[PDB]
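Read the structure below first, then the notes.
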Amino acid sequence: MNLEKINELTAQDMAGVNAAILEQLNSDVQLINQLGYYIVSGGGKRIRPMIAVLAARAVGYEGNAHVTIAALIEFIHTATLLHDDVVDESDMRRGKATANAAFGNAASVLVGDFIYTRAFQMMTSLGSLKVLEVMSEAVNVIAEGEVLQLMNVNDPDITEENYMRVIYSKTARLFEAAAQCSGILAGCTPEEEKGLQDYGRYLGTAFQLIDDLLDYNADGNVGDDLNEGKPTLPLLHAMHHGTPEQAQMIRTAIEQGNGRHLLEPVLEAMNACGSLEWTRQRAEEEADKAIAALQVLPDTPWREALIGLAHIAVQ
Amino acid sequence: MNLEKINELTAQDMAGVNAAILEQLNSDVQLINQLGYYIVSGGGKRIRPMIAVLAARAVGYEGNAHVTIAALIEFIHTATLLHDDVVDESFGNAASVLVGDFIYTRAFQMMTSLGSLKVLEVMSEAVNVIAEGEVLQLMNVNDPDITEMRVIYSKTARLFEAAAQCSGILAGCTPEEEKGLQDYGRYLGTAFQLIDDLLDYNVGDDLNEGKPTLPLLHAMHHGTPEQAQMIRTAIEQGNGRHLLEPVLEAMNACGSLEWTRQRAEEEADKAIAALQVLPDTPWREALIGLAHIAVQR
Ligand SMILES: CCCCCCCCCCCCCCOc1cccc(O)c1C(=O)O
């Protein structure tokens with residue numbers, strides 16, 4: 001199932017989601033509504049709400065509480081962007097200016113808090129304490145993960161298995177929760193629930209790995225990870241497999257939290273070791289674990305589209 | 001029922017509150033840990049959790065989930081101060097944003113662990129209103145206005161209101177009792193913020209930023225024409241830096257501080273009056289005492 005056909009199957013749910021997002025931008029304070037509109041209409045893929053919508057349909061859900069959770073998921077994600085952009089001091093995202101470049105840091109942080117607290121209101125109104133517990137843990141764990149990276153020294157000598165552990169237990173948890181809570185809301189089976197949960201985790205993992213490799217895929221939002229010496233998978237691979245010169249270069253970049261001027265050198269180092277392809281290969285295995293976790297659910301068009309999203313994510 | 005007797009009656013409860021704060025705030029990052037220390041060993045009289053703990057007790061609660069409510073309210077407060085410390089071009093922005101995100105999100109985890117949907121409805125609405133209000137205040141430095149009570153309600157009162165109310169709710173209190181606690185928190189919160197506004201002309205940021213607070217507005221409406229003009233243009237300019245002396249002259253000569261404390265006293269009486277719906281206990285006596293203390297600076 002290609003993107004076009006996934007979009008076609010999902011179109012009416014996704015349009016209910018678009019409506020439900022725009023509905024909740026209803027403050028007296030216009031700055032909230034305009035900054036929120038600014039970011040939500042900017043071309044987002046809305047893959048997290050897409051996964052939620054699909055999962056509920058994949059386990060037979062007939063109502064439209066799933067549109068609601070998809071919308072609030074896109075709100076959580078939106079709030080995490082607005083904060084990421086302020087933290088990472090970014091001026092551009094997706095071709096154009098960021099919320100903080102356009103409106104400033106304070107409004108960015110504060111409209112993000114509004115947006116997060118609204119999603120938590122939307123979630124409460126669905127009346128599942130279980131979903132609230134799962135979702136509110138996933139967000140706190142992501143925020144904890146950000147404070148760790150900030151306040152500490154990146155360990156260049158992290159094991160690969162411990163790197164994946166960070167993704168499984170923290171960075172992908174929104175993807176995990178998007179699928180799982182949708183399942184829980186549809187009264188799904190415990191087997192089905194664990195299936196969607198593992199699919200979300202694995203797809204988000206695959207997605208995180210591809211995003212990281214794509215950050216180095218230049219010549220067409222490229223190079224930011226190496227500029228701040230961020231210890232991602234492809235960069236660490238080149239450090240372990242490159243020449244001790246390349247290694248030591250990539251090492252000082254991670255130790256400084258600064259790899260400015262280093263892009264082309266690291267590209268050549270990566271290209272020699274096959275680091276990008278090897279990351280694309282690690283990602284494929286994640287996509288297959290996601291696809292395999294779904295086999296516990298009925299064979300449906302919605303299941304095909306989830307399987308389709310996983311293949312698409314790993315190009 | 002003075003401050004020290006209120007502290008001793010609320011002591012065992014506050015020990016649980018303090019432990020829950022340190023429990024939820026031990027991290028592998030030291031900034032977070034030190035924060036917990038500064039909260040529990042903080043300088044102030046922490047009336048927010050004290051109200052949360054007393055509101056429950058005063059409606060028959062014998063459990064210990066009101067300790068979680070107390071803790072999470074103080075988390076909400078703390079995280080909102082952290083996000084206020086974020087600035088634009090002209091403990092950095094990154095750490096204020098992220099540590100405040102960690103704390104706010106943990107507060108939501110703690111709310112939801114109590115297992116009440118009613119509490120979560122109310123607590124999630126109050127925090128949304130607060131966040132909305134911070135953004136209003138932002139729009140207000142960009143376009144000042146000399147109105148009139150809606151800012152302080154969102155900035156301060158709403159969270160006192162939710163703290164009293166949800167504690168009531170969590171003890172399965174009567175709807176009458178819920179309303180009395182809820183109003184008690186709203187009126188005490190309002191009185192608290194009015195007292196705080198008046199104490200700022202005594203560290204002094206409100207005037208530096210040309211913030212239209214109650215004492216400054218009163219002086220603009222009752223002061224001589226020159227004082228009126230001076231104040232109006234500091235508010236609309238967003239800058240009263242160095243004007244303290246002539247503003248204080250204006251406030252003293254037409255009674256702006258005293259009039260503000262009096263209006264705070266009025267709100268505190270209302271808080272007390274909402275509480276007469278509850279049973280007569282030492283817990284209610286202590287709630288009543290907090291309202292008096294809040295409005296004697
Ligand atoms: C009042 C409560 C407000 C709480 C706000 C909740 C959000 C937690 C705060 C941490 C934000 C971290 C962003 C997660 O990473 C991303 C996510 C998505 C896209 C991205 O590019 C990124 C990225 O790492 O660059």
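Convention: chains lettered A, B, ... in structure tokens order; per-chain residue numbering from 1; ligands numbered from 1 as shown.
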Within 6 Å of chain B, which residues of chain A show up? Give each one with its shortest atom-to-atom distance in Å (one decimal) and the two atoms involved, counting only C-alpha atoms, rows by chain then rising residue number, as a Markdown table.
```
| residue | atom | partner | partner_atom | distance |
| --- | --- | --- | --- | --- |
| A:29 | CA | B:136 | CA | 5.8 |
| A:87 | CA | B:94 | CA | 4.8 |
| A:104 | CA | B:88 | CA | 5.9 |
| A:105 | CA | B:88 | CA | 5.2 |
| A:106 | CA | B:86 | CA | 5.8 |
| A:114 | CA | B:131 | CA | 5.1 |
| A:117 | CA | B:128 | CA | 5.2 |
| A:121 | CA | B:124 | CA | 5.6 |
| A:136 | CA | B:109 | CA | 5.6 |
| A:140 | CA | B:105 | CA | 5.1 |
| A:143 | CA | B:102 | CA | 5.2 |
| A:144 | CA | B:102 | CA | 5.7 |
| A:147 | CA | B:98 | CA | 5.8 |
```
Now that the selection is made, can you save its residues with N, CA, C and O atoms as a compact mmCIF listing (two decimals), in the first residue's frame?
```txt
# COMPACT_ATOMS: atom_id res chain seq x y z
N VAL A 29 -7.51 34.81 23.95
CA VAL A 29 -6.18 35.33 23.65
C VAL A 29 -5.81 34.93 22.23
O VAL A 29 -5.56 33.76 21.98
N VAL A 87 14.57 25.39 22.65
CA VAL A 87 15.72 24.71 23.26
C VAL A 87 16.90 24.60 22.29
O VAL A 87 18.02 24.93 22.67
N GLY A 104 8.77 34.92 18.87
CA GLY A 104 9.64 34.97 20.04
C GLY A 104 9.49 33.77 20.97
O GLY A 104 8.45 33.08 20.97
N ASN A 105 10.51 33.61 21.81
CA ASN A 105 10.67 32.49 22.71
C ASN A 105 9.54 32.38 23.74
O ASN A 105 9.03 31.30 23.98
N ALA A 106 9.17 33.47 24.38
CA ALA A 106 8.22 33.33 25.46
C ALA A 106 6.88 32.81 24.95
O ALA A 106 6.30 31.90 25.55
N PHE A 114 -0.12 26.00 26.87
CA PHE A 114 -1.56 25.99 26.56
C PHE A 114 -1.96 24.80 25.72
O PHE A 114 -2.92 24.10 26.01
N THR A 117 -1.72 21.57 27.76
CA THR A 117 -2.76 21.43 28.77
C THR A 117 -4.13 21.21 28.14
O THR A 117 -4.97 20.52 28.73
N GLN A 121 -6.84 18.08 28.61
CA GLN A 121 -8.28 18.23 28.76
C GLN A 121 -9.06 17.39 27.79
O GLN A 121 -10.12 16.86 28.12
N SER A 136 0.41 10.18 29.69
CA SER A 136 1.10 11.14 30.54
C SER A 136 2.46 10.61 31.02
O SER A 136 3.38 11.39 31.19
N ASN A 140 6.19 12.56 29.95
CA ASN A 140 7.10 12.89 31.01
C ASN A 140 8.45 12.24 30.78
O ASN A 140 9.48 12.84 31.02
N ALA A 143 10.32 14.26 28.18
CA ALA A 143 10.84 15.51 28.76
C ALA A 143 12.00 15.25 29.70
O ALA A 143 12.98 16.00 29.72
N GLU A 144 11.92 14.16 30.46
CA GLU A 144 13.06 13.73 31.25
C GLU A 144 14.25 13.49 30.36
O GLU A 144 15.33 13.93 30.68
N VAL A 147 16.01 16.73 29.41
CA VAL A 147 16.73 17.35 30.50
C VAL A 147 18.06 16.63 30.71
O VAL A 147 19.07 17.26 30.91
```
ask   = What lies within 12 Å of residue 38 in chain A using only C-alpha atoms, ignoring chain neighbours under 6 positions off, as a PyMOL selection string?
value = chain A and resi 22+25+30-32+44+78+82+96-103+108+111
Q) Quick one: residues within 12 Å of range 254-268 of chain B, only C-alpha atoms counted, chain neighbours fewer than 4 positions away excluded, as a ChimeraX atom specification? A) /B:149,157,183-202,213-224,227-228,247-250,272-275,287-297
Could you please determine the separation between CA of residue 217 in chain A and CA of residue 178 in chain A in Å, to one decimal place?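 So the two atoms, CA of residue 217 in chain A and CA of residue 178 in chain A, lie 28.3 Å apart.
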Show me a table, sorted first by chain and then by increasing residue number, of the residues of chain A having an atom at most 10 Å from ligand 1, each with its shortest atom pair and the distance in Å to one decimal, counting only C-alpha atoms and all ligand atoms and written as a Markdown table.
```
| residue | atom | partner | partner_atom_place_in_ligand_line | distance |
| --- | --- | --- | --- | --- |
| A:75 | CA | ligand 1 | 6 (C) | 9.6 |
| A:76 | CA | ligand 1 | 6 (C) | 6.4 |
| A:77 | CA | ligand 1 | 18 (C) | 5.9 |
| A:78 | CA | ligand 1 | 18 (C) | 7.5 |
| A:79 | CA | ligand 1 | 5 (C) | 5.4 |
| A:80 | CA | ligand 1 | 11 (C) | 4.0 |
| A:81 | CA | ligand 1 | 18 (C) | 5.1 |
| A:82 | CA | ligand 1 | 11 (C) | 7.7 |
| A:83 | CA | ligand 1 | 11 (C) | 5.2 |
| A:84 | CA | ligand 1 | 13 (C) | 4.7 |
| A:85 | CA | ligand 1 | 25 (O) | 7.4 |
| A:86 | CA | ligand 1 | 11 (C) | 9.4 |
| A:87 | CA | ligand 1 | 11 (C) | 8.2 |
| A:88 | CA | ligand 1 | 25 (O) | 7.6 |
| A:90 | CA | ligand 1 | 25 (O) | 9.7 |
| A:93 | CA | ligand 1 | 21 (O) | 8.9 |
| A:109 | CA | ligand 1 | 3 (C) | 8.1 |
| A:110 | CA | ligand 1 | 1 (C) | 8.0 |
| A:111 | CA | ligand 1 | 3 (C) | 9.2 |
| A:112 | CA | ligand 1 | 3 (C) | 6.3 |
| A:113 | CA | ligand 1 | 1 (C) | 3.8 |
| A:114 | CA | ligand 1 | 1 (C) | 6.6 |
| A:115 | CA | ligand 1 | 3 (C) | 7.8 |
| A:116 | CA | ligand 1 | 3 (C) | 5.2 |
| A:117 | CA | ligand 1 | 1 (C) | 5.6 |
| A:118 | CA | ligand 1 | 1 (C) | 9.2 |
| A:119 | CA | ligand 1 | 2 (C) | 9.9 |
| A:120 | CA | ligand 1 | 2 (C) | 9.2 |
| A:136 | CA | ligand 1 | 6 (C) | 9.5 |
| A:138 | CA | ligand 1 | 8 (C) | 9.5 |
| A:139 | CA | ligand 1 | 8 (C) | 5.9 |
| A:140 | CA | ligand 1 | 8 (C) | 6.8 |
| A:141 | CA | ligand 1 | 8 (C) | 8.5 |
| A:142 | CA | ligand 1 | 10 (C) | 6.1 |
| A:143 | CA | ligand 1 | 10 (C) | 4.2 |
| A:144 | CA | ligand 1 | 10 (C) | 7.8 |
| A:145 | CA | ligand 1 | 10 (C) | 8.0 |
| A:146 | CA | ligand 1 | 12 (C) | 5.9 |
| A:147 | CA | ligand 1 | 10 (C) | 8.2 |
| A:170 | CA | ligand 1 | 14 (C) | 9.7 |
| A:171 | CA | ligand 1 | 15 (O) | 7.2 |
| A:172 | CA | ligand 1 | 15 (O) | 9.2 |
| A:174 | CA | ligand 1 | 17 (C) | 8.9 |
| A:208 | CA | ligand 1 | 24 (O) | 9.2 |
| A:211 | CA | ligand 1 | 21 (O) | 8.9 |
| A:212 | CA | ligand 1 | 25 (O) | 10.0 |
| A:224 | CA | ligand 1 | 25 (O) | 9.7 |
| A:225 | CA | ligand 1 | 25 (O) | 9.1 |
```
Quick one: residues within 12 Å of residue 4 in chain A, only C-alpha atoms, excluding same-chain residues fewer than 2 positions away - as an mmCIF file with N, CA, C and O atoms, in the first residue's frame?
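After the write, part.cif holds the following:
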```cif
data_model
loop_
_atom_site.group_PDB
_atom_site.id
_atom_site.type_symbol
_atom_site.label_atom_id
_atom_site.label_comp_id
_atom_site.auth_asym_id
_atom_site.auth_seq_id
_atom_site.Cartn_x
_atom_site.Cartn_y
_atom_site.Cartn_z
ATOM 1 N N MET A 1 0.839 -1.241 0.000
ATOM 2 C CA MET A 1 0.000 0.000 0.000
ATOM 3 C C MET A 1 0.862 1.275 0.000
ATOM 4 O O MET A 1 1.594 1.547 0.951
ATOM 5 N N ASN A 2 0.785 2.028 -1.094
ATOM 6 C CA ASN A 2 1.510 3.306 -1.269
ATOM 7 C C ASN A 2 0.833 4.469 -0.530
ATOM 8 O O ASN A 2 -0.314 4.353 -0.077
ATOM 9 N N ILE A 6 -3.070 4.961 1.062
ATOM 10 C CA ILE A 6 -3.199 5.172 2.506
ATOM 11 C C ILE A 6 -3.926 6.492 2.818
ATOM 12 O O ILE A 6 -4.793 6.555 3.704
ATOM 13 N N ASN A 7 -3.567 7.547 2.091
ATOM 14 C CA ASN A 7 -4.239 8.829 2.249
ATOM 15 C C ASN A 7 -5.711 8.690 1.885
ATOM 16 O O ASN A 7 -6.597 9.197 2.581
ATOM 17 N N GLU A 8 -5.994 7.960 0.825
ATOM 18 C CA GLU A 8 -7.377 7.812 0.386
ATOM 19 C C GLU A 8 -8.243 7.105 1.444
ATOM 20 O O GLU A 8 -9.367 7.503 1.733
ATOM 21 N N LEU A 9 -7.698 6.073 2.058
ATOM 22 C CA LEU A 9 -8.434 5.289 3.049
ATOM 23 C C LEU A 9 -8.691 6.067 4.352
ATOM 24 O O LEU A 9 -9.615 5.822 5.123
ATOM 25 N N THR A 10 -7.789 6.989 4.614
ATOM 26 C CA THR A 10 -7.711 7.650 5.875
ATOM 27 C C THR A 10 -8.306 9.063 5.796
ATOM 28 O O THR A 10 -8.491 9.720 6.808
ATOM 29 N N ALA A 11 -8.626 9.509 4.583
ATOM 30 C CA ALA A 11 -9.004 10.905 4.300
ATOM 31 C C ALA A 11 -10.119 11.519 5.159
ATOM 32 O O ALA A 11 -10.071 12.696 5.474
ATOM 33 N N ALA A 305 -2.378 -0.600 5.738
ATOM 34 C CA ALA A 305 -1.940 0.799 5.684
ATOM 35 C C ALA A 305 -0.925 1.095 6.793
ATOM 36 O O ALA A 305 -0.034 1.901 6.602
ATOM 37 N N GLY A 308 1.969 -0.483 5.476
ATOM 38 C CA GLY A 308 2.408 0.449 4.465
ATOM 39 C C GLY A 308 3.157 1.656 4.999
ATOM 40 O O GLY A 308 4.135 2.096 4.402
ATOM 41 N N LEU A 309 2.716 2.192 6.134
ATOM 42 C CA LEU A 309 3.428 3.309 6.748
ATOM 43 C C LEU A 309 4.831 2.905 7.175
ATOM 44 O O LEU A 309 5.763 3.704 7.059
ATOM 45 N N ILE A 312 7.047 2.666 4.140
ATOM 46 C CA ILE A 312 7.262 3.997 3.608
ATOM 47 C C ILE A 312 8.284 4.731 4.452
ATOM 48 O O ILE A 312 9.160 5.399 3.911
#
```
So which residues touch residue 234 in chain A within 8 Å, counting only C-alpha atoms, skipping near sequence neighbours fewer than 4 positions away, as a VMD selection string?
-> chain A and resid 212 to 213 238 270 275 to 276 278 to 279
Can you write just those residues out, N, CA, C and O atoms, as an mmCIF file, in the first residue's frame?
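So the final result, stored in result.cif, reads:
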```cif
data_model
loop_
_atom_site.group_PDB
_atom_site.id
_atom_site.type_symbol
_atom_site.label_atom_id
_atom_site.label_comp_id
_atom_site.auth_asym_id
_atom_site.auth_seq_id
_atom_site.Cartn_x
_atom_site.Cartn_y
_atom_site.Cartn_z
ATOM 1 N N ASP A 212 17.551 10.720 11.619
ATOM 2 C CA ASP A 212 18.949 10.907 11.956
ATOM 3 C C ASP A 212 19.862 10.725 10.753
ATOM 4 O O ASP A 212 20.739 11.562 10.540
ATOM 5 N N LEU A 213 19.660 9.662 9.965
ATOM 6 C CA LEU A 213 20.485 9.461 8.775
ATOM 7 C C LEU A 213 20.214 10.549 7.739
ATOM 8 O O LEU A 213 21.128 10.985 7.044
ATOM 9 N N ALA A 238 30.264 5.696 12.363
ATOM 10 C CA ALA A 238 31.477 6.201 11.716
ATOM 11 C C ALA A 238 32.659 6.364 12.689
ATOM 12 O O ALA A 238 33.813 6.187 12.308
ATOM 13 N N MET A 270 31.712 8.648 6.977
ATOM 14 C CA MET A 270 30.503 7.828 6.928
ATOM 15 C C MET A 270 30.450 7.005 5.650
ATOM 16 O O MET A 270 30.225 5.797 5.704
ATOM 17 N N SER A 275 28.120 3.936 6.874
ATOM 18 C CA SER A 275 27.361 4.266 8.083
ATOM 19 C C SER A 275 25.902 4.647 7.819
ATOM 20 O O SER A 275 25.021 4.241 8.577
ATOM 21 N N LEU A 276 25.647 5.393 6.750
ATOM 22 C CA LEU A 276 24.285 5.778 6.415
ATOM 23 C C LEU A 276 23.404 4.589 5.985
ATOM 24 O O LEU A 276 22.342 4.333 6.590
ATOM 25 N N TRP A 278 24.051 1.558 6.701
ATOM 26 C CA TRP A 278 23.958 0.662 7.848
ATOM 27 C C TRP A 278 22.864 1.104 8.812
ATOM 28 O O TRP A 278 22.241 0.277 9.469
ATOM 29 N N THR A 279 22.664 2.420 8.900
ATOM 30 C CA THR A 279 21.577 3.002 9.663
ATOM 31 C C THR A 279 20.214 2.765 9.001
ATOM 32 O O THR A 279 19.229 2.429 9.683
#
```
Practice item. Pull the helix (DSSP H, G or I) assignments for range 68-120 of chain A out of DSSP run on the backbone, and list those residues as number ranges by chain. Key: A: 68-87, 99-103, 105-120
note - CA of residue 287 in chain A and CA of residue 235 in chain A are separated by 21.0 Å
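Ranking B:56, B:61, B:49, B:181 by their shortest atom-to-atom distance to residue 75 in chain B, with only C-alpha atoms included, puts B:49 first.
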Restricting to only C-alpha atoms, whichever of A:15, A:203, A:236, A:52 is closest to residue 155 in chain A is A:236
Among B:35, B:235, B:173, B:14, residue 279 in chain B is approached most closely, using only C-alpha atoms, by B:173
